[PDB]
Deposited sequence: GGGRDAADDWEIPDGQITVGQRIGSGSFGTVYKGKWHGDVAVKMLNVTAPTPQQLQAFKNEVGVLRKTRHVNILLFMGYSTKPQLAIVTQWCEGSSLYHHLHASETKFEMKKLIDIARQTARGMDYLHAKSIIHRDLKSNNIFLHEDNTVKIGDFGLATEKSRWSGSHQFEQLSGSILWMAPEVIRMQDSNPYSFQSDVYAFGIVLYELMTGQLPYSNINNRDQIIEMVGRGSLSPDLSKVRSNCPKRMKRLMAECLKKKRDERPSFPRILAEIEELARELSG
């Protein structure tokens, strides 16, 4: 069992509040991060066990290392502490300009982690550049840092907006949107004023990311893989084994 006894974790500075919990930087055999959740509902009790039950089946370098959980005194999830910023903070706030060599490496590590999740039959359900942490500004760490559960429509597939929806291809579309941010430095649909139409237009199949805003030095394989990841039909979107294979081969083309 991975239950951490009460009294071992030294809760420290608060990292950021949410509508569903708060996260602190704790001390527990080193630097750790603890997300603690007044009265737990039967849903919150199950939602906590679902998030821990998913993190228990993860043991990969590109996935945030789950370390333990606690029920006393509060429902908590203990993970490793990583320094740096998320990919959304690098490309759309800090404006960190990466070499094309490193942009492919960030996409490669992201595809490696997404490949490992699908092997374990795990759907991320909320893959975005904000949930992609750059540990030491080098290693990609995939997690779910959402503290409210929905301001994350740019990464939602058309079939996810049309409630009939989470699948491997829905995560592939999110990965395709992340590729758009990497190759453009901007979020999709930046020229749209409100989000009412973005929900309606993308769900209707008449709004797609303008694939001409990509940088000049973007390889032709990245433009083709990004387009296939953004197909409106789910069955026309590839699987991450095929996605990772073409990126790792493309990556070896840049290293001399």
Compare the deposited sequence with the modelled residues and state the ranges that are missing C-alpha positions.
1-8, 46-47, 160-173, 189-191
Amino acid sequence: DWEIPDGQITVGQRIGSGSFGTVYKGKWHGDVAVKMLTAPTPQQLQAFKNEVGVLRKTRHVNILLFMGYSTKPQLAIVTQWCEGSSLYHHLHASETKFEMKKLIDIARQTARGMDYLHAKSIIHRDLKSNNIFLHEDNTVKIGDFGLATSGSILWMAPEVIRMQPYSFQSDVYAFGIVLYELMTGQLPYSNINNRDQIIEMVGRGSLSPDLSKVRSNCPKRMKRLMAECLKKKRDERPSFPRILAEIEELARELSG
From here on, numbers count along this sequence of modelled residues.
Comparing 60-68 with 198-206, which has the greater mean CA B-factor as deposited?
198-206
Can you tell me whether 108-116 has a higher mean C-alpha B factor than 154-162 in this record, or the other way round?
154-162
Looking at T79, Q74, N131, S170, which has the highest Cα B-factor in the entry?
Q74
State the tercile, meaning the lowest, middle or highest third, of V34 with respect to the CA B-factors recorded for its chain.
lowest
Of the three thirds of Cα B-factor ranks in this chain, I243 occupies the lowest
Once the chain's modelled residues are ordered by C-alpha B factor and cut into thirds, is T139 in the lowest, middle or highest one?
lowest
For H124, the third of its chain by CA B-factor is the lowest
Taking the entry's C-alpha B-factors for this chain, is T149 in the lowest, middle or highest third?
highest
